[PDB]
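What follows is one structure encoded as structure tokens, with my remarks underneath.
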Amino acid sequence: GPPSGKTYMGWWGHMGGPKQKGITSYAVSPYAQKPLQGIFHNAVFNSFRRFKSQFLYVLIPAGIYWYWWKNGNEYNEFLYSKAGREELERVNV
Amino acid sequence: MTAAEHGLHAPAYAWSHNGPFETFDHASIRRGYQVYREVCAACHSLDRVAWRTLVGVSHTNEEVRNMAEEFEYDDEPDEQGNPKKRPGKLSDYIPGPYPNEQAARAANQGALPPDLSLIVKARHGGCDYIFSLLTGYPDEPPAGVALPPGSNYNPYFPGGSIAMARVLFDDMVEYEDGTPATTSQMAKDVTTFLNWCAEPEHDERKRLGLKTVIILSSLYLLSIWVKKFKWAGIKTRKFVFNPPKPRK
Amino acid sequence: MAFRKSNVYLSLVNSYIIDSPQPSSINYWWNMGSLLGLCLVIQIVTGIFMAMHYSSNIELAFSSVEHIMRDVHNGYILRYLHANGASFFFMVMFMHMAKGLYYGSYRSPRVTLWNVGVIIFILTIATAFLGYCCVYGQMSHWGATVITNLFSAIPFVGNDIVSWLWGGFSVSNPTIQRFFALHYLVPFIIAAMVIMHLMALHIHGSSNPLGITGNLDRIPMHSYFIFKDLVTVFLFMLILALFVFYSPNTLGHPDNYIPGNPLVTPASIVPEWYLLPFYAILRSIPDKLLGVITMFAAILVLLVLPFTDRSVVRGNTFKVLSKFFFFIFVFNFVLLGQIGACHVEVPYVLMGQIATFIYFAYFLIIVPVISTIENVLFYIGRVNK
Amino acid sequence: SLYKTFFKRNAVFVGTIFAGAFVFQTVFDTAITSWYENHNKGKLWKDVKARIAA
Amino acid sequence: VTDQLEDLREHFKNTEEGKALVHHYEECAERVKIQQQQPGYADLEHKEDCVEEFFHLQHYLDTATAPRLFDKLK
Ligand SMILES: CCCCCCCCCCC(=O)OC[C@H](COP(=O)(O)OC[C@H](O)COP(=O)(O)OC[C@@H](COC(=O)CC)OC(=O)CCC)OC(=O)CCCCCCCC
Ligand SMILES: CCCCCCCCCCCCCCCCCC(=O)OC[C@H](COP(=O)(O)OCCN)OC(=O)CCCCCCCCCCCCC
Ligand code: HEM
Ligand code: HEM
Ligand code: HEM
Ligand SMILES: COc1c(O)c(C)c(C/C=C(\C)CC/C=C(\C)CC/C=C(\C)CC/C=C(\C)CC/C=C(\C)CCC=C(C)C)c(O)c1OC
Ligand SMILES: CCCCCCCCCCCCCCCCCC(=O)O[C@H](COC(=O)CCCCCC)COP(=O)(O)OCCN
Ligand SMILES: CCCCCCCCCCCCCCCCCC(=O)O[C@H](COC(=O)CCCCCC)COP(=O)(O)OCCN
Ligand SMILES: Cc1cccc(-n2nnn(C)c2=O)c1COc1ccn(-c2ccc(Cl)cc2)n1
């Protein structure tokens, strides 16, 4: 077969990053470690650290769109009651 | 829209088949067929239900054979080509009171009563709507409402004007097992019988759902353990950097 | 070499799900594309077994669905898995598309991968419309009447397209018999576009939640992301089984258990929940031809997104103002679905018109303006002049 | 150790996986059906049938 | 033995909130009764009924009666 256009990823041995020199890494077998030692402190302390960093980007847009829907729902209930009958005739013209 | 155009909201009663581990009460399905035959069947058809599906649910095999043999069905024609009739068997469907819908409207002042085989699934509210409708006819309409002649008031119907009158009154049915047949007792029994007509799979579905949820929640907990074992070498990996000498 | 690398058919399996180099730091949001392939298999298998008992005539269609629910052994399991499995197919697809919006997956060099995914989304909306009309309930008849009458507003060819789409003068027997034959075919066209989707993914690989290069640290697919895929597969089947066996009619309408009638109008005509935001965009334009163009332009506006992003950094991970306006776009999409399930009344008419403006102004005004502001704030916060 | 009595160091082989899966299906089906009918006692048809005849 | 729902609706109509909601409906019904006797009731397009005051009394009766009705039925 013929070759194709150039890419930005390669394969094992020629993946295509910069040359590496001076970094050393260490690991330990999973059979030599004690099982599930992150069931307590990661679930309480670390998940609380990830929650409160990102909760103002979500709950300030969520409170804007919930306040808007709640006033539009309460104004439609007033327009179709008995007390809101002369306002219904003038917002329908 | 106005609350009268929506209809009144039906409350929540404590049905004994509500809940993930609950079946129908089969003594109330048997009592509800008797209120169907003696009250409802004058104007309503039940067209999706065959005679054979009642055996082992509310009656025996010998009882349903005698109930089906009181109606007449069309047979294959004669040797001369003339039509014929025959009594009913277990593979037949339960017959309705009218031959067509023109004859149904003529007996009900232009209105057409619907088929009740799927009426529980086809209304918003479910069993609570059917019970509130049959027991919610007031003795008088509220002051100011003008009803057309031939209509009745019911606040649970959208618009408040229904073409069905009040039908259920106290002690119009004599029950076999000796239960007192009040208005609320007979209205509870038809709604249980009509929920079985819409969902005859209901008792079997909730038992196969108990086997599926136990197996699938055990496979979910075992796969979290296996994933944390195989990833333990990557998660505790360490890196050190010593900058190379500028020979190069 | 190994036999899985030298065989012609096993090399395609080895290069995609065994030895494929993956970035080390991808999270559980990268597991949604694997769930979408499981959803497509469930829909094809449950639909073929139901099609052995189905009749598509106008007087036999509603009663053959009732025949499946009552007479076929485990036939209620086949239908409830099929009807609830379509809502689960759309929920995972919305989460898959929103992951690409947040992490900048549409950007170069992955523009062809984004464009093929937009074609898949249009073909899936068309498939769910055609199968919903095959029940022929009361919601099926009036939902097909509303959509097919939209094409009569096209100038000089309006009345010729709609009569050719009906096979007659209204929604009738030829309409339902041709809607079922087209419903059998389009899932096989979706399966061919999924293969073209995976071919464009293979030449560049996946992105990562940091937005930077991943060629420095890779791990293979087998025994890390095979067993991480199993966690979300078993959670998907468990939530779907709770809907199929314990609450099988929550995500539907009760009016679709009434047989369809061309002479009686229902009190409210509302779609399923996943078509509700696009139904509110259509009802906000008072002109009839401009409403059909605007509803189809709400899908095709995703194609302009590689050109209006003016940032030099890929993704929203380190951007404060881009994170705030992403969640404005998300909760605006939920409000459009709630408006589309209401009546045409005050104040819901004005609320749906402002929310339709915010949908289009995100892609065309908000994203190019705040991308440029964040480029300059990164510059002057470091350079001392 | 209790795991060493049956397998001693190894994984479970694929023959024991398929053989024990069929033993599992009959025991699990009987235990679930027995708990379900005891929870709903007095409401099934076999309880109502024994009162129209006795 | 009479109807169990009619006895529970009678009982909760004589509590303190029940007597207040009944009195509001009856003062509505008399002001509709002292009109319709005035000349002018041919066509008005602003004819008042008491559906809304009837819906208020029925909603209180259903909240009190529905959690405790099926304990009295066999
Ligand atoms: C119609 C119904 C359809 C439902 C289909 C559901 C199908 C599965 C959907 C899964 C999904 O949504 O995942 C995407 C996203 C993941 O966000 P993330 O914060 O978890 O990832 C971070 C890290 O990888 C965790 O890493 P972690 O340390 O938590 O991994 C270990 C974890 C694995 O468990 C899981 O199953 C994770 C999914 O172990 C445990 O949690 C122990 C539990 C006892 O999830 C979320 O962010 C949660 C919010 C979703 C919002 C959806 C709104 C629409 C309903
Ligand atoms: C054709 C047009 C198509 C448009 C498609 C739009 C449809 C949107 C429908 C909702 C889909 C879900 C919306 C949220 C998707 C999040 C995508 C994502 O990747 O979020 C990234 C963010 C992770 O944040 P970081 O990577 O910075 O690290 C912090 C992790 N703790 O992760 C998060 O912070 C998640 C926080 C929780 C998200 C809350 C979303 C709630 C949505 C509820 C909708 C249901 C209403 C009924
Ligand atoms: C216990 C007995 C009965 C039950 C449970 C029953 C059930 C129902 C139900 C569920 C409806 C539909 C309500 C709706 O669409 O919201 C209905 C409507 C109707 N029923 Fe009955 N029915 C009974 C007896 C009768 C009888 C005896 C008659 C006539 C003599 C009758 C005539 C009608 C009519 C005409 C309608 C149509 C009302 C309308 O559309 O306005 N029904 N019934
Ligand atoms: C991407 C794949 C598919 C999607 C999203 C899809 C969607 C749907 C939907 C939403 C319905 C209406 C369900 C209801 O409310 O009852 C439906 C019905 C139906 N579909 Fe599918 N479908 C898919 C594939 C298929 C295929 C490939 C077939 C046939 C070989 C099929 C056969 C049917 C049939 C026979 C019905 C009849 C009504 C019923 O049984 O519920 N589906 N489909
Ligand atoms: C049946 C439909 C689809 C299937 C089976 C599918 C499958 C996949 C798979 C397996 C991946 C691999 C990596 C990952 O999971 O993120 C992927 C990535 C991707 N898909 Fe889809 N997809 C579908 C629909 C879509 C749609 C509707 C879109 C966009 C409108 C889309 C756009 C993308 C993009 C941009 C990526 C690359 C994300 C990244 O690498 O960060 N796909 N898809
Ligand atoms: C993130 O990295 C990933 C990754 O995680 C995964 C999982 C994949 C794997 C692939 C997918 C997720 C795509 C999935 C494939 C499809 C969706 C193909 C389309 C599906 C089909 C063609 C289903 C075919 C089914 C049939 C033909 C039905 C068979 C008919 C029957 C059983 C009738 C039976 C009749 C009788 C008489 C018995 C990747 O490619 C990948 O990228 C490298
Ligand atoms: C549009 C979708 C189609 C694309 C799908 C491509 C991927 C298909 C996945 C197939 C899974 C693997 C199939 C089994 C592979 C083993 C075949 C084999 O051993 O090759 C043949 C055996 O011949 C056959 O029997 C053909 C099998 C037909 C398979 C029908 C499904 C012998 O192997 P061979 O000697 O060629 O190996 C060459 C090594 N240099
Ligand atoms: C079972 C499936 C078998 C799959 C067989 C695959 C072959 C069938 C396709 C035949 C070719 C027809 C399409 C080629 C059109 C050229 C596409 C193109 O130019 O790529 C894109 C533009 O097109 C798109 O965005 C997506 C088009 C989707 C096509 C949907 C049919 C440009 O890609 P480009 O080469 O420019 O790479 C970037 C370098 N700057
Ligand atoms: C109006 C109405 C009422 C009742 C049911 C249904 N409906 N039809 N199918 N399903 C699942 C339903 O809920 C509808 C259709 O609603 C919508 C909204 C946009 N589309 C659409 C867009 C593009 C294309 Cl190509 C096809 C359709 N359809």
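Starting from 1 in every chain, residues are counted up; chains themselves are A, B, ... following the order of the structure tokens, and ligands are numbered from 1 as listed.
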Contact residues around range 31-46 of chain D with only C-alpha atoms at 8 Å, ignoring same-chain residues under 5 positions, as a list in words: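 Result of the neighbour search: residues 21, 22, 23, 24, 25, 26, 27, 56, 57, 58, 207, 210 and 211 of chain B.
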In chain E, DSSP helix (DSSP H, G or I) residues written as a VMD selection string: chain E and resid 4 to 14 16 to 34 51 to 68
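Proximity to residue 239 in chain B at 10 Å, evaluated using only C-alpha atoms and with sequence-adjacent residues fewer than 4 positions away removed, yields residues 23, 24, 25, 26 and 27 of chain A.
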Please identify all protein, DNA and RNA residues within 6 Å of ligand 1, counting only C-alpha atoms and all ligand atoms, and report them as a tab-separated table (two decimals) with N, CA, C and O atoms, in the first residue's frame.
```tsv
chain	number	residue	atom	x	y	z
C	27	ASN	N	-10.53	10.93	31.96
C	27	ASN	CA	-11.43	10.61	33.05
C	27	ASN	C	-12.66	9.86	32.53
C	27	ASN	O	-12.70	9.38	31.40
C	28	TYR	N	-13.68	9.72	33.39
C	28	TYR	CA	-14.87	8.94	33.08
C	28	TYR	C	-15.78	9.60	32.05
C	28	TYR	O	-16.73	8.95	31.60
C	29	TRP	N	-15.54	10.85	31.67
C	29	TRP	CA	-16.29	11.46	30.57
C	29	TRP	C	-15.91	10.87	29.23
C	29	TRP	O	-16.68	11.00	28.27
C	88	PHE	N	-32.49	6.47	26.66
C	88	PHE	CA	-31.13	6.34	27.18
C	88	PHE	C	-30.10	6.57	26.09
C	88	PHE	O	-28.97	6.95	26.38
C	91	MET	N	-29.78	10.46	25.98
C	91	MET	CA	-29.18	11.07	27.16
C	91	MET	C	-27.66	10.94	27.15
C	91	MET	O	-26.94	11.85	27.55
C	231	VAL	N	-17.04	-0.76	34.22
C	231	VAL	CA	-17.67	-0.11	35.37
C	231	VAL	C	-18.90	0.67	34.92
C	231	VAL	O	-19.96	0.60	35.55
C	232	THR	N	-18.79	1.40	33.81
C	232	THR	CA	-19.92	2.19	33.35
C	232	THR	C	-20.91	1.36	32.54
C	232	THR	O	-22.05	1.80	32.34
C	235	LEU	N	-23.20	-0.08	35.33
C	235	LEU	CA	-24.04	0.96	35.90
C	235	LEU	C	-25.12	1.39	34.92
C	235	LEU	O	-26.22	1.78	35.33
C	236	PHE	N	-24.83	1.31	33.62
C	236	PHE	CA	-25.82	1.64	32.61
C	236	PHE	C	-26.94	0.61	32.58
C	236	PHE	O	-28.12	0.96	32.46
```
Excluding same-chain residues fewer than 2 positions from range 44-46 of chain E, what lies within 12 Å of it counting only C-alpha atoms, as a compact mmCIF listing (two decimals) with N, CA, C and O atoms, in the first residue's frame?
```txt
# COMPACT_ATOMS: atom_id res chain seq x y z
N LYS A 82 -59.25 34.06 39.39
CA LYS A 82 -60.39 34.98 39.33
C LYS A 82 -59.94 36.42 39.52
O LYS A 82 -60.49 37.34 38.90
N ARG A 85 -58.36 38.71 36.15
CA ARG A 85 -59.15 38.63 34.93
C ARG A 85 -59.09 39.90 34.08
O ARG A 85 -59.14 39.80 32.85
N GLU A 86 -58.99 41.08 34.69
CA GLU A 86 -58.83 42.30 33.90
C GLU A 86 -57.39 42.56 33.49
O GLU A 86 -57.14 43.42 32.64
N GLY B 144 -73.58 28.97 39.88
CA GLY B 144 -73.14 29.72 38.73
C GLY B 144 -72.88 28.88 37.50
O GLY B 144 -72.86 29.43 36.39
N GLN E 36 -78.57 37.28 39.38
CA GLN E 36 -79.49 36.46 38.57
C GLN E 36 -80.96 36.75 38.86
O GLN E 36 -81.83 36.09 38.28
N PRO E 39 -82.50 42.54 36.57
CA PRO E 39 -82.64 42.60 35.10
C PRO E 39 -81.33 42.98 34.44
O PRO E 39 -80.77 44.06 34.70
N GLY E 40 -80.83 42.09 33.59
CA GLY E 40 -79.52 42.27 33.00
C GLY E 40 -78.77 40.97 32.82
O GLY E 40 -77.68 40.95 32.24
N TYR E 41 -79.35 39.87 33.32
CA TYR E 41 -78.74 38.55 33.25
C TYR E 41 -78.93 37.87 31.89
O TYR E 41 -78.67 36.67 31.77
N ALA E 42 -79.37 38.60 30.86
CA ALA E 42 -79.51 38.01 29.53
C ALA E 42 -78.15 37.63 28.95
O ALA E 42 -77.88 36.45 28.70
N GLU E 48 -70.30 35.47 37.18
CA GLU E 48 -69.43 34.89 38.19
C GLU E 48 -70.03 33.61 38.75
O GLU E 48 -71.22 33.55 39.06
N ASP E 49 -69.19 32.58 38.88
CA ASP E 49 -69.54 31.34 39.55
C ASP E 49 -68.65 31.15 40.78
O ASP E 49 -67.82 32.01 41.10
```
Expected answer as a list in words: residues within 7 Å of ligand 4, only C-alpha atoms and all ligand atoms: residues 40, 43, 44, 47, 48, 50, 51, 54, 65, 79, 82, 83, 86, 124, 127, 128, 129, 131, 132, 134, 135, 183, 184 and 187 of chain C
Residues up to 9 Å from ligand 6, counting only C-alpha atoms and all ligand atoms: could you list those as a PDB file with C-alpha atoms, in the first residue's frame?
```
ATOM      1  CA  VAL C  13      -9.131  -5.636  16.247  1.00  0.00           C
ATOM      2  CA  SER C  15      -5.086  -1.805  16.394  1.00  0.00           C
ATOM      3  CA  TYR C  16      -8.371  -0.504  17.835  1.00  0.00           C
ATOM      4  CA  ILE C  17      -9.215  -2.222  21.154  1.00  0.00           C
ATOM      5  CA  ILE C  18      -6.019  -3.971  22.295  1.00  0.00           C
ATOM      6  CA  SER C  20      -4.270   1.379  20.894  1.00  0.00           C
ATOM      7  CA  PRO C  21      -2.178   4.060  22.695  1.00  0.00           C
ATOM      8  CA  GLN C  22      -4.349   6.120  25.037  1.00  0.00           C
ATOM      9  CA  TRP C  30     -14.290   9.584  27.908  1.00  0.00           C
ATOM     10  CA  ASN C  31     -16.408   6.458  28.500  1.00  0.00           C
ATOM     11  CA  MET C  32     -19.565   7.800  26.773  1.00  0.00           C
ATOM     12  CA  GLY C  33     -18.549   6.764  23.260  1.00  0.00           C
ATOM     13  CA  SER C  34     -18.300   3.138  24.355  1.00  0.00           C
ATOM     14  CA  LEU C  35     -21.810   3.299  25.821  1.00  0.00           C
ATOM     15  CA  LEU C  36     -23.214   4.628  22.540  1.00  0.00           C
ATOM     16  CA  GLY C  37     -22.032   1.532  20.693  1.00  0.00           C
ATOM     17  CA  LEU C  38     -23.812  -0.654  23.233  1.00  0.00           C
ATOM     18  CA  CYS C  39     -27.003   1.401  22.826  1.00  0.00           C
ATOM     19  CA  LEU C  40     -27.009   0.893  19.058  1.00  0.00           C
ATOM     20  CA  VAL C  41     -26.670  -2.886  19.445  1.00  0.00           C
ATOM     21  CA  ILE C  42     -29.604  -3.064  21.895  1.00  0.00           C
ATOM     22  CA  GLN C  43     -31.854  -1.087  19.534  1.00  0.00           C
ATOM     23  CA  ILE C  44     -31.059  -3.219  16.482  1.00  0.00           C
ATOM     24  CA  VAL C  45     -31.453  -6.568  18.266  1.00  0.00           C
ATOM     25  CA  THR C  46     -34.684  -5.757  20.140  1.00  0.00           C
ATOM     26  CA  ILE C  48     -35.555  -7.213  14.725  1.00  0.00           C
ATOM     27  CA  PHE C  49     -37.212  -9.616  17.171  1.00  0.00           C
ATOM     28  CA  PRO C 187     -30.163   2.340  11.597  1.00  0.00           C
ATOM     29  CA  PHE C 188     -27.945   0.525   9.056  1.00  0.00           C
ATOM     30  CA  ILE C 190     -25.980   5.047  11.128  1.00  0.00           C
ATOM     31  CA  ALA C 191     -23.837   1.924  11.575  1.00  0.00           C
ATOM     32  CA  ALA C 192     -21.879   2.785   8.421  1.00  0.00           C
ATOM     33  CA  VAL C 194     -20.002   5.052  12.976  1.00  0.00           C
ATOM     34  CA  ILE C 195     -17.253   3.154  11.129  1.00  0.00           C
ATOM     35  CA  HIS C 197     -16.324   8.079  12.663  1.00  0.00           C
ATOM     36  CA  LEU C 198     -13.790   5.630  14.113  1.00  0.00           C
ATOM     37  CA  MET C 199     -11.496   5.893  11.081  1.00  0.00           C
ATOM     38  CA  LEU C 201     -10.390   9.058  15.336  1.00  0.00           C
ATOM     39  CA  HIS C 202      -7.591   6.585  14.613  1.00  0.00           C
ATOM     40  CA  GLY C 205      -6.103   9.724  18.739  1.00  0.00           C
ATOM     41  CA  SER C 206      -8.003  11.158  21.670  1.00  0.00           C
ATOM     42  CA  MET C 221      -6.098  -0.077  25.757  1.00  0.00           C
ATOM     43  CA  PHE C 225      -9.635   0.889  29.680  1.00  0.00           C
ATOM     44  CA  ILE C 226     -11.228  -2.483  28.990  1.00  0.00           C
ATOM     45  CA  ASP C 229     -15.273   0.428  30.452  1.00  0.00           C
TER      46      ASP C 229
END
```
Contacts with ligand 3 at most 6 Å, only C-alpha atoms and all ligand atoms counted, listed as a ChimeraX atom specification: /B:39-40,43,108,111-113,130,157,162-164,167
Export, as a compact mmCIF listing (two decimals), in the first residue's frame, the selected residues with C-alpha atoms.
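Here's the written file out.txt:
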```txt
# COMPACT_ATOMS: atom_id res chain seq x y z
CA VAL B 39 -73.14 -2.60 36.23
CA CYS B 40 -70.53 -1.56 33.65
CA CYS B 43 -72.57 0.32 27.90
CA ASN B 108 -76.26 7.58 24.92
CA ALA B 111 -71.85 10.41 23.30
CA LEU B 112 -69.61 7.39 22.80
CA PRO B 113 -68.47 5.42 25.89
CA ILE B 130 -60.70 6.28 38.04
CA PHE B 157 -63.31 15.67 34.55
CA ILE B 162 -69.44 14.71 31.69
CA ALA B 163 -71.99 12.65 29.75
CA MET B 164 -72.01 9.80 32.31
CA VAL B 167 -74.09 4.82 38.58
```
Interface list for chain A, partner chain C, 8 Å threshold, only C-alpha atoms, as a ChimeraX atom specification: /A:7-9,11-12,15-18,57-58,61-62,65,69,72,75-76,91
Selection from above, N, CA, C and O atoms, as a PDB file, in the first residue's frame, can you write it?
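And here's selection_26.pdb as it stands now:
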```pdb
ATOM      1  N   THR A   7       0.546  13.065  10.201  1.00  0.00           N
ATOM      2  CA  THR A   7      -0.280  13.073  11.398  1.00  0.00           C
ATOM      3  C   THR A   7       0.507  13.693  12.544  1.00  0.00           C
ATOM      4  O   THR A   7       1.634  14.160  12.372  1.00  0.00           O
ATOM      5  N   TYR A   8      -0.099  13.697  13.728  1.00  0.00           N
ATOM      6  CA  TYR A   8       0.562  14.171  14.930  1.00  0.00           C
ATOM      7  C   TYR A   8       0.715  13.088  15.987  1.00  0.00           C
ATOM      8  O   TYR A   8       1.292  13.355  17.044  1.00  0.00           O
ATOM      9  N   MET A   9       0.224  11.881  15.730  1.00  0.00           N
ATOM     10  CA  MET A   9       0.463  10.726  16.578  1.00  0.00           C
ATOM     11  C   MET A   9       1.157   9.640  15.766  1.00  0.00           C
ATOM     12  O   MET A   9       0.922   9.502  14.564  1.00  0.00           O
ATOM     13  N   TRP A  11       3.161   5.504  16.600  1.00  0.00           N
ATOM     14  CA  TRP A  11       2.889   4.227  17.242  1.00  0.00           C
ATOM     15  C   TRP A  11       3.992   3.974  18.262  1.00  0.00           C
ATOM     16  O   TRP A  11       4.807   4.854  18.542  1.00  0.00           O
ATOM     17  N   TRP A  12       4.006   2.771  18.832  1.00  0.00           N
ATOM     18  CA  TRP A  12       4.959   2.422  19.882  1.00  0.00           C
ATOM     19  C   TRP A  12       6.379   2.368  19.330  1.00  0.00           C
ATOM     20  O   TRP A  12       6.685   1.556  18.454  1.00  0.00           O
ATOM     21  N   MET A  15       6.375   7.556  18.599  1.00  0.00           N
ATOM     22  CA  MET A  15       5.095   8.200  18.901  1.00  0.00           C
ATOM     23  C   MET A  15       5.054   9.659  18.457  1.00  0.00           C
ATOM     24  O   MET A  15       3.994  10.163  18.073  1.00  0.00           O
ATOM     25  N   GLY A  16       6.176  10.354  18.506  1.00  0.00           N
ATOM     26  CA  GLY A  16       6.278  11.671  17.927  1.00  0.00           C
ATOM     27  C   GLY A  16       6.376  12.850  18.874  1.00  0.00           C
ATOM     28  O   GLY A  16       5.995  13.957  18.485  1.00  0.00           O
ATOM     29  N   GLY A  17       6.871  12.658  20.090  1.00  0.00           N
ATOM     30  CA  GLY A  17       7.078  13.758  20.998  1.00  0.00           C
ATOM     31  C   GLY A  17       8.496  14.281  20.925  1.00  0.00           C
ATOM     32  O   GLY A  17       9.253  13.952  20.009  1.00  0.00           O
ATOM     33  N   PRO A  18       8.883  15.116  21.883  1.00  0.00           N
ATOM     34  CA  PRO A  18      10.286  15.530  21.977  1.00  0.00           C
ATOM     35  C   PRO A  18      11.150  14.415  22.544  1.00  0.00           C
ATOM     36  O   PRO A  18      10.668  13.416  23.077  1.00  0.00           O
ATOM     37  N   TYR A  57     -19.145  27.972  39.583  1.00  0.00           N
ATOM     38  CA  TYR A  57     -19.360  28.086  38.148  1.00  0.00           C
ATOM     39  C   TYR A  57     -20.639  27.400  37.710  1.00  0.00           C
ATOM     40  O   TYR A  57     -21.108  27.650  36.597  1.00  0.00           O
ATOM     41  N   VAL A  58     -21.205  26.540  38.554  1.00  0.00           N
ATOM     42  CA  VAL A  58     -22.405  25.801  38.215  1.00  0.00           C
ATOM     43  C   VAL A  58     -23.647  26.347  38.912  1.00  0.00           C
ATOM     44  O   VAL A  58     -24.709  26.411  38.288  1.00  0.00           O
ATOM     45  N   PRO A  61     -25.069  30.156  37.575  1.00  0.00           N
ATOM     46  CA  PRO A  61     -26.006  30.031  36.443  1.00  0.00           C
ATOM     47  C   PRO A  61     -27.259  29.227  36.746  1.00  0.00           C
ATOM     48  O   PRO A  61     -28.293  29.472  36.117  1.00  0.00           O
ATOM     49  N   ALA A  62     -27.205  28.273  37.676  1.00  0.00           N
ATOM     50  CA  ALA A  62     -28.389  27.480  37.988  1.00  0.00           C
ATOM     51  C   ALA A  62     -29.408  28.275  38.788  1.00  0.00           C
ATOM     52  O   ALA A  62     -30.613  28.050  38.647  1.00  0.00           O
ATOM     53  N   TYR A  65     -31.429  30.795  36.313  1.00  0.00           N
ATOM     54  CA  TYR A  65     -32.462  30.198  35.477  1.00  0.00           C
ATOM     55  C   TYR A  65     -33.576  29.569  36.297  1.00  0.00           C
ATOM     56  O   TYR A  65     -34.634  29.250  35.751  1.00  0.00           O
ATOM     57  N   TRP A  69     -37.661  31.018  36.005  1.00  0.00           N
ATOM     58  CA  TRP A  69     -38.771  30.108  35.745  1.00  0.00           C
ATOM     59  C   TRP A  69     -39.825  30.191  36.841  1.00  0.00           C
ATOM     60  O   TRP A  69     -41.018  30.008  36.581  1.00  0.00           O
ATOM     61  N   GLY A  72     -42.077  33.358  36.332  1.00  0.00           N
ATOM     62  CA  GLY A  72     -42.951  33.216  35.182  1.00  0.00           C
ATOM     63  C   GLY A  72     -44.059  32.212  35.423  1.00  0.00           C
ATOM     64  O   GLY A  72     -45.140  32.311  34.843  1.00  0.00           O
ATOM     65  N   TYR A  75     -46.691  34.034  37.765  1.00  0.00           N
ATOM     66  CA  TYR A  75     -47.446  35.092  37.107  1.00  0.00           C
ATOM     67  C   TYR A  75     -48.499  34.516  36.170  1.00  0.00           C
ATOM     68  O   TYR A  75     -49.551  35.126  35.965  1.00  0.00           O
ATOM     69  N   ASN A  76     -48.230  33.342  35.597  1.00  0.00           N
ATOM     70  CA  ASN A  76     -49.223  32.670  34.765  1.00  0.00           C
ATOM     71  C   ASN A  76     -50.359  32.113  35.612  1.00  0.00           C
ATOM     72  O   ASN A  76     -51.504  32.035  35.156  1.00  0.00           O
ATOM     73  N   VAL A  91     -53.244  42.077  28.364  1.00  0.00           N
ATOM     74  CA  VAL A  91     -51.959  41.529  27.945  1.00  0.00           C
ATOM     75  C   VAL A  91     -52.188  40.543  26.808  1.00  0.00           C
ATOM     76  O   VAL A  91     -51.244  39.911  26.323  1.00  0.00           O
TER      77      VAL A  91
END
```
Computed interatomic separation between atom 6 (C, counted along the ligand's line) of ligand 9 and CA of residue 258 in chain C (Å): 15.1 Å
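Ranking E:17, E:31, E:61, E:51 by their shortest atom-to-atom distance to chain B, with only C-alpha atoms included, puts E:51 first.
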Residue hits in chain E, query chain B, radius 10 Å, only C-alpha atoms, as JSON, numbers by chain: {"E": [1, 2, 3, 4, 5, 6, 25, 26, 28, 29, 30, 31, 32, 33, 36, 47, 48, 49, 50, 51, 52, 53, 54, 55, 58, 59, 61, 62, 63, 64, 65, 66, 67, 68, 69, 70, 71, 72, 73, 74]}
Close residues to ligand 8 using only C-alpha atoms and all ligand atoms, limit 8 Å, as an MDAnalysis selection string: chainID C and resid 108:109 111:116 119 191:193 195:196
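Closest approach to chain B among A:80, A:31, A:45, A:68: A:80, based on only C-alpha atoms.
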Contacts of range 212-214 of chain B at 10 Å (only C-alpha atoms; same-chain gap of 2+ positions) as a PyMOL selection string: (chain B and resi 207-210+216-219) or (chain C and resi 237-239+241-242+245)
Residues from the last selection, C-alpha atoms, saved as a CSV table (one decimal), in the first residue's frame:
```
chain,number,residue,atom,x,y,z
B,207,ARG,CA,-40.5,-10.9,40.2
B,208,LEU,CA,-38.1,-10.9,37.2
B,209,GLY,CA,-37.1,-7.4,38.2
B,210,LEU,CA,-35.9,-8.7,41.6
B,216,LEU,CA,-26.6,-6.4,38.1
B,217,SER,CA,-25.7,-4.6,41.4
B,218,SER,CA,-23.4,-7.4,42.4
B,219,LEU,CA,-21.6,-7.1,39.0
C,237,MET,CA,-27.6,-1.7,32.6
C,238,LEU,CA,-28.6,-1.3,36.3
C,239,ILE,CA,-30.3,2.0,35.8
C,241,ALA,CA,-33.3,-2.3,34.3
C,242,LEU,CA,-34.9,-0.1,37.1
C,245,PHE,CA,-39.1,-3.5,35.3
```
